[PDB]
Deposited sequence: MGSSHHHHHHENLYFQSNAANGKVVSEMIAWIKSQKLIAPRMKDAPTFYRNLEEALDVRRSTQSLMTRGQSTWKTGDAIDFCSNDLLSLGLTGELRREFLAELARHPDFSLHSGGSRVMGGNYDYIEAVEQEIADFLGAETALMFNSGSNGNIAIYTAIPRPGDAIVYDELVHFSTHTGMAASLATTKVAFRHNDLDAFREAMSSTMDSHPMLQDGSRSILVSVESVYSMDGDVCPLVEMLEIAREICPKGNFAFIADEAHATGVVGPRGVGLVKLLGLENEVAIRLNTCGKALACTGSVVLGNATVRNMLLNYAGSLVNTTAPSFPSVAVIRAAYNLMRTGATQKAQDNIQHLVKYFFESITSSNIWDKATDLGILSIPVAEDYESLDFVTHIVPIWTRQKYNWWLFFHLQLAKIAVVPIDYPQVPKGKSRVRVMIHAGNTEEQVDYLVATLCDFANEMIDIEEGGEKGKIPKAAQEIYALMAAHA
């Protein structure tokens, strides 16, 4: 219905366009050639998913983690906040350091900083710009940046534009490789050995595309062991941690009581807090470093009053406890899904054959908590088929593929929200087990499964 109208528009947008641009001007000629590169691998993005916004599909893909957007709970606290300041000055006035600072944004920052256990906060338009500012301002020449290989794109963009000359990745969440990265970096840099420069460790609290948790206590112990002079500093991107983890959604850093051990923390408002923006946490020296050396911040207009107001409304819902029930239902529904798919008859054969792989679902009971992020892996030549199977079953997931991940690591990303139900989770489990069945029967018989046939049929027409 509405599922099939967007599949058609998606199929149609991958038709190569350059063979029609021979007469077009050179500028548009080469742009449509560049778009054709993506079309050729069927990865041209246009209008997104959105079948869940209309009711035509379950929402297992959006970032509305606590359903604050779905319920209108944030909108009502947002309008209530604007009503506490009639005649508010909407316009900031300019750059935050030249005409754009005002009392209400400083007060909201300190309010948030107090709630998350930090000394100071600085507000950005987004988590991305938060990362851009951190890694263009904070790293000094002679510093070293050691980062998890799956840090966010904005972190990669910030580090590339950094003043630091030494940046070394380490294998994802691997405490051994992080040790090897730390000590091999120390040994070859005499300025780190005598403590005249620092090593900056860059990690995410919860990884957007894997769903696992940074072992921060252990990394901090490794760091102190390698750098006994204390010349290290951590930077924790809690994008997918805020609102999900910790008492009243404070995140992983405060949950572990590391608020004095992690020098820089980024908390974003784009997921659980159901709006946009971010704050960078640190002491007053970090904050003044961003205001003075993060040129991206210096040359952009400061947040408007409504933008600050929606952020404050979201932390209000967190800090007054209004999100606590939604926060536990995530834990419940993720465990409920984990129990249900690992208890179905076919999970064992499908896991050996490699038909389905959900690594976050294994050993889940030994963790202090679970995450909302559940990537589901299949065979790489089955990935689009798994997507079409769920999509045609009226379950909206996010497909992950090149360029978003390396060209061989394709997967499906399922998001469990506080506003989902056990009936919907049962439907997701049953839907996945039908797919695992279909591919095992094909593997035991060149057949193409039902769902893919229908999508390939629509292509043969469009």
Taking the deposited sequence from residue 1, the uncovered stretches are 1 to 21, 467 to 469, 487
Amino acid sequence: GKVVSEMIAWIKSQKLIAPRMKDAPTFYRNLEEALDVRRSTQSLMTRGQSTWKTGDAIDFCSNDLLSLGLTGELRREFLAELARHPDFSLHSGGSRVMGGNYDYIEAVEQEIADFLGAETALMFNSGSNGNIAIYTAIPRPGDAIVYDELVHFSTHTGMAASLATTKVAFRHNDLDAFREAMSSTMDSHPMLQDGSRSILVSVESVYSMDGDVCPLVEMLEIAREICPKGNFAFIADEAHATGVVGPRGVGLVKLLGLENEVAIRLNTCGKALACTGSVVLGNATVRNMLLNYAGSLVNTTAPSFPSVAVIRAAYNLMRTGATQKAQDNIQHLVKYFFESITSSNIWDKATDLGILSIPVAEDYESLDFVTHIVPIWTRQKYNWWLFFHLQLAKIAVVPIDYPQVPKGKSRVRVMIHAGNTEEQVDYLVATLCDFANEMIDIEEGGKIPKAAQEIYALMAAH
From here on, numbers count along this sequence of modelled residues.
Per the PDB record, is the mean Cα temperature factor higher over 108 to 116 or over 224 to 232?
224 to 232
Please compare 433 to 441 with 35 to 43 and name the stretch with the higher mean C-alpha B-factor in the deposited structure.
433 to 441
Going by the entry, which of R379, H156, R96, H85 has the most elevated CA B factor?
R379
Residue selected from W385, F78, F124, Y135 by maximal Cα B factor
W385
Give the position of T300 by CA B-factor within its chain, expressed as the lowest, middle or highest third.
lowest
Going by the CA temperature factor in the PDB record, which third of the chain does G195 belong to: lowest, middle or highest?
highest
Where does the C-alpha B-factor of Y427 rank in its chain, lowest, middle or highest third?
middle
On the chain's distribution of Cα B-factors, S62 falls within the third called middle
In terms of the chain's CA B-factor thirds, is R179 lowest, middle or highest?
highest
